[PDB]
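We count ligands from 1, going down the list as the structure has it; atoms in each ligand are counted the same way. Just so it is clear: chains get the letters A, B, ... in the order the sequence lines come, proteins before strands, and each one is counted from 1. Keep in mind that the numbers below use all heavy atoms, side chains included, and drop hydrogens, waters and symmetry copies.
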Protein chains: 2
Amino acid sequence: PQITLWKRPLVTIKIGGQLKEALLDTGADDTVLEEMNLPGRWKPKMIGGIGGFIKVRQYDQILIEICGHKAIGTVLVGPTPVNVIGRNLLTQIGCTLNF
Amino acid sequence: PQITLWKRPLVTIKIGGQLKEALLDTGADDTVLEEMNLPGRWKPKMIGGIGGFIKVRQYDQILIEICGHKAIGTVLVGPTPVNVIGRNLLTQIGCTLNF
Ligand SMILES: CCOP(=O)(COc1ccc(C[C@H](NC(=O)O[C@H]2CO[C@H]3OCC[C@H]32)[C@H](O)CN(CC(C)C)S(=O)(=O)c2ccc(OC)cc2)cc1)OCC
């Protein structure tokens with residue numbers, strides 16, 4: 001689809017078999033989701049945002065479907081203010097900016 | 001133009017008679033720029049993201065040019081680690097997400 005930006009670009013995603021709402025975030029390098037149960041291994045990671053750094057759990061090669069488009073990639077799970085889909089997955093679904 | 005997201009979507013902006021580099025950021029409600037001593041009045045504000053909140057100065061009705069596209073709106077100025085063009089200005093330049 002083509003999404004304008006008068007509202008937040010929130011979409012429905014499916015991860016771990018569960019549906020959630022997430023923000024398409026071209027300013028995020030990585031995909032960061034609020035605390036949740038996900039199956040499999042994980043590694044402690046640190047990531048930095050506008051306000052400082054937080055500790056997250058890094059899940060690799062995770063299946064995730066964004067607005068009907070499949071991705072398989074790294075998902076960080078931790079105390080983010082909102083679920084953000086970052087460029088690591090936006091590229092997978094063929095997302096570009098246009099003006 | 002069309003901007004792919006393999007790398008950060010960095011563009012040149014002109015604000016306050018100065019050229020700077022900033023990210024086209026669909027996850028940013030507002031526009032947040034590095035410390036700059038703009039003229040005129042301002043109002044204190046706090047904005048939060050990953051890692052918490054930072055203190056910024058809110059300037060209204062500021063002229064900004066983004067890849068030759070003119071806009072006018074609110075800019076938040078403070079110790080942000082990155083300059084972001086948020087949705088308040090991205091809508092004015094006709095920017096969409098597409099996949
Ligand atoms: C202290 C750490 O230092 P750092 O690594 C941080 O460098 C950043 C910070 C913020 C952003 C924009 C946001 N991206 C971000 O956090 O990305 C994370 C996730 O992937 C990583 O890549 C970039 C930093 C990781 C996101 O796009 C916008 N945010 C809101 C979103 C989290 C819901 S925001 O910036 O917190 C914000 C903007 C406008 C607002 O108006 C009210 C409110 C809040 C990009 C790069 O840089 C050193 C020079």
Side-chain angles (χ1 to χ4, degrees), chain A residues 3 5-6 8-11 13 20-35 44 46-54 56-60 62 64 66 71 73-92 95 97, chain B residues 3 5-11 13 15 20-35 42 44-60 62 64 66 71 73-92 95 97:
Chain A
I3 304 176
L5 297 168
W6 307 98
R8 291 186 187 231
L10 297 162
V11 300
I13 66 168
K20 298 176 161 291
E21 180 169 84
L23 182 72
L24 305 174
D25 190 351
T26 55
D29 294 348
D30 305 308
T31 293
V32 193
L33 303 184
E34 302 185 282
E35 169 63 21
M46 318 280 301
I47 65 169
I50 198 165
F53 282 83
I54 60 164
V56 297
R57 291 150 30 213
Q58 176 173 330
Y59 293 83
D60 290 323
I62 293 296
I64 172 170
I66 303 148
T74 295
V75 175
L76 314 181
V77 177
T80 173
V82 311
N83 299 326
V84 296
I85 307 306
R87 292 190 294 99
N88 73 306
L89 302 182
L90 294 172
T91 53
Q92 290 204 20
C95 185
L97 288 161
Chain B
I3 301 173
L5 301 170
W6 299 111
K7 61 196 251 289
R8 292 181 170 139
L10 289 169
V11 298
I13 65 175
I15 176 174
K20 292 152 164 345
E21 297 293 287
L23 280 183
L24 307 176
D25 189 354
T26 61
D29 293 337
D30 300 330
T31 294
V32 191
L33 303 176
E34 65 183 271
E35 181 52 42
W42 55 269
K45 187 173 169 113
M46 264 162 93
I47 56 168
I50 286 171
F53 285 74
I54 59 167
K55 302 177 184 156
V56 296
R57 306 196 301 286
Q58 167 179 347
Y59 293 86
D60 302 318
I62 300 300
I64 307 188
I66 304 148
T74 294
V75 175
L76 313 178
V77 175
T80 178
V82 292
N83 299 334
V84 300
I85 307 305
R87 292 184 297 102
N88 71 305
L89 301 181
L90 294 171
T91 56
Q92 297 186 37
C95 188
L97 286 166

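- Heavy atoms of A:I50 found under 4.0 angstrom from ligand 1 belong to the backbone as well as the side chain.
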Next on the checklist: Would A:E35 and A:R57 count as a salt bridge (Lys or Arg N to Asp or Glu O under 4.0 Å) here? Give the steps.
Outcome noted: CA-CA 9 Å; A:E35 169 63 21; A:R57 291 150 30 213; 2.5 Å; yes
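- A:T80 places no side-chain N or O within 3.5 Å of a backbone atom of A:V32 that could act as its donor or acceptor partner.
- Taking both residues in full, the closest heavy atoms of A:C95 and B:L5 are given as O-CD1, 3.4 Å, listed atom of the first, atom of the second, then distance.
- When heavy-atom distances to ligand 1 are checked against a 4.0 Å cut-off, A:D29 comes that close through both its backbone and its side chain.
- Residue B:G86 places every heavy atom at 4.0 Å or more from ligand 1.
- Using a 4.0 Å cut-off between heavy atoms, B:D25 contacts ligand 1 through its side chain alone, with no backbone atom that close.
- In this structure, B:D25 contributes its side chain and A:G27 its backbone to a donor-acceptor pair below 3.5 Å.
- Of all atoms in ligand 1, listed by their number and element, those nearer than 4.0 Å to a heavy atom of A:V82 are 33 (C).
- Residues B:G49 and A:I50 share a closest heavy-atom pair of N-CG2, 3.5 Å.
- Counting atoms of ligand 1 from 1 in the listed order, those under 4.0 Å from a heavy atom of A:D30 are 19 (C), 20 (O).
- By the 4.5 Å heavy-atom criterion applied to side chains, A:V82 and A:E34 are not counted as neighbours.
- The closest non-hydrogen atom to atom 24 (C) of ligand 1, taken over A:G48, B:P81, A:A28, comes from A:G48.
- Short contacts between ligand 1 and B:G49, defined as distances under 4.0 Å to a heavy atom of the residue, involve ligand atoms 36 (O).
- With 3.5 Å as the limit, one finds no donor-acceptor pair spanning the side chains of A:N88 and A:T74.
- Residue contact check: A:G27 has heavy atoms under 4.0 Å from atoms 11 (C), 12 (C), 13 (C), 14 (N), 17 (O), 23 (C), 27 (O), 45 (C) of ligand 1.
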